[PDB]
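Quick heads-up: it's one chain on its own, the form deposited in one PDB entry, in structure tokens.
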């Protein structure tokens, strides 16, 4: 009507920063046949506006001059995705016909007025992504026809009103990302039509109401990242339409209720980061639909039940960081769909089962810091789908080249501190995307296959603390992405290859405790990320090359326990980031260069058991050094443990 159109024009005249490419260019002629046919966002019935849809039209303004008293037949209102600021007036509750009300994604502030509860015909209320604060008024519980309430991502405080139990037609309730507090009212459990209940990321406390067992149609229950406490009520097992139950990151205590096995529809169960204790009920194996079972970071004890072999759709099983113990039953890995088996930081014992990867789809197997032992099952040898294998801290045994097959998509493997023996196979080269190869402190013997240096995506290679023999070839330069190279504590012999000079991504190089002989390559001068170099405990000889002083990021340089001789270069002053320097147990002669006074970052120095003489340079490391950093030298003199200088 002319009066509705004139009133909307007056509201429009108040908008700011309007671009004249606005859709509202079409708001000109208030007569019908303009108003009801060509005004953007306006739809009428019998010449009167019943729908106002200005979503995402770049309006900046407020509702201060919104014409509440001029639009009596307003039925559908969508003002979302604009730049409306200010508050939500009580006058919005005078639109008696309103069915659909959306002010989301604006910059609205202040409290929700109780008058919204007067909208007795409302079907949908959306106020998401604003900065609304205060408590939800209890009068919202008068919206007896509403089927969806979404007020997520606001600044709401206070409890969820008990009056929400009167919202008998409510289907979806989305209140996540707020600061709602108090206990969940038990009246929520008596909403017969409820399908989705999302109260996650709030500050809710107290126990989950046992009334939730009356929620026979709820398919989604998200209440993660709250402060819920007490035990999960056994009545939850009567939510027999649940597809997804997420209670993670709460303060729940006591046992997992055995009645969860009653929920045959349940596909996703997230209970991690709680304080759940006791044994995993064997009835959890009856959750026939379960795909994604995550109960890590709890205080569960006892063994995993054999009934886990009945979970035939299982894909992800997260149990890390519990106190589970004992042997694992073959059923734990029996799902042909299993892709991730995550058991780290428990106290499991015995062998891996022969069911593992029987479906040919297992990807991530992580077992760190358990007590597993025995040989690798042949079905894991033959598991071509593996991406991540983490066995650190267990005691697996067997010949390493018999235990493992070929893994084309392997990305990361850590076998540190296991008990594997044998020689490395060239088969590892078929993991062309492998970025970390960690085999520290096994009983590996024999040579490094030359194919290893063709694993050009390697970023970490750690074969330390084995009994590996042979010489490093010049083609070591081919692992040109390597950033951490740890070959320490082996029996490698021959000269250190010059090709390491081309490993310009190297950050950390440990070749120590080997039998390397002859000179340190004089071309190691161009490793601009190298902060750690350890060549100690070898048989390296001749002079320390000046190229090492160009390794400007070095923080630690350890060349101790070699037969290096000649003088310490005064160009060491160039290592301005050097904190720790160990040259002890060598055959170095002459004076410690006075240029060490330039190295203000040095904190630790050891030159003991050399053939050095003369006074000690003036820097803090030398002043703070204990007598044994100097002992065993020829004629050092001081101004500790040294005779004073003349």
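Numbering follows the first chain given and starts at 1.
Gap check for residue 639 to residue 640: 4 to 9 deposited residues are absent from the model. Stretches 130-138 and 411-419 differ in mean CA B factor, with 130-138 having the higher one. Here the stretch with the larger average CA B-factor, out of 29-37 and 573-581, is 29-37. You'll see in the entry that, of 533, 88, 313, 447, the Cα B factor peaks at 447.
Of the candidates 78, 337, 187, 243, the deposited coordinates give 187 the top C-alpha B factor.
In the PDB entry, residue 529 places in the middle third of its chain by CA B-factor.
Sorting the modelled residues of the chain by their CA temperature factor places residue 267 in the middle third. Per the PDB record, residue ranking by Cα B-factor puts residue 191 in the highest third of the chain. Per the deposited record, the Cα B-factor of residue 233 falls in the highest third when ranked against the other modelled residues of its chain.
Annotation for residue 239: C-alpha temperature factor in the highest third relative to the rest of the modelled chain, per the entry.
Just so you know, the form solved in complex with a partner chain exists too; it's not on screen, but the next bit is about it.
Within 4.5 Å of any heavy atom of the partner chain in the deposited bound form lies no heavy atom of residue 421. The closest non-hydrogen atom of residue 406 lies beyond 4.5 Å of the partner chain in the deposited bound form. The shortest heavy atom separation between residue 171 and the partner chain in the deposited bound form exceeds 4.5 Å. Residue contact check for residue 246: one or more of its heavy atoms lie within 4.5 Å of the partner chain in the deposited bound form.
Here the chain stands alone, but in the deposited bound form its contact with the partner chain, taken as any heavy atom within 4.5 Å, falls in 143-151 among 397-405, 355-363, 143-151, 534-542. When the partner chain is considered in the deposited bound form, only one residue from 214, 464, 431, 296 comes within 4.5 Å through any heavy atom, namely 296. Of the residues 308, 176, 453, 372, just one reaches the partner chain in the deposited bound form with a heavy atom at 4.5 Å or closer; this is 176.
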